[PDB]
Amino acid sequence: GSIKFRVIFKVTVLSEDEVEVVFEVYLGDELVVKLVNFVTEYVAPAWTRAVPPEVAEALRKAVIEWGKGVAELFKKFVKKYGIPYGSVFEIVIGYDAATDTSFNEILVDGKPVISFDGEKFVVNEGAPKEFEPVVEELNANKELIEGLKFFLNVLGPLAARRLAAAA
């Protein structure tokens, strides 16, 4: 029945003190949750029937905590590192129940210049040297790293399985 699970996390810098933070949850091709600036803008029946309230509340708390952290750090990349306004940082996480495997894909302004290997960020081969300080600042934030690992390996799979089992 569909077992394709993805979460899209996007930060768009609007100004040195303003970012737009978007979280989208997909089961197959269907959007089931959308948060914009931490405001719940859409929740599908597929989500509410699948995820118990106590669990949904823990997941929401987790995303908001981590997302606000990432937002704050991105405010600094623009003010300090001169990253342009309108820059987009996107992370896709996915989970396949058929193989019990997680994955992530990262784009900076639509480009694969950074990856996350399960433990840390790395600047990919051939990518601009100006990403080295950013990756350093990412890996320095041990809470951000711990949180991403916990989403990849624990909370994303947990939500995925609930959604699949109710579809």
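Don't overthink the numbering: it's just position in the shown sequence, from 1.
Averaged over CA atoms, B-factors in the entry run higher in 118-126 than in the other of 138-146 and 118-126. 32-40 and 52-60 differ in mean CA B-factor, and the higher of the two is recorded for 52-60. For residue 21, the recorded CA B-factor ranks within the middle third of the chain. Only modelled residues enter the ranking.
Among the modelled residues of its chain, residue 45 has a C-alpha B-factor that falls in the middle third, as given in the PDB entry.
Residue 165 sits in the lowest third of its chain by CA B factor, as recorded in the PDB entry. When the modelled residues of the chain are ordered by C-alpha B-factor, residue 11 sits in the middle third. When all modelled residues of the chain are sorted by CA temperature factor, residue 112 is found within the highest third.
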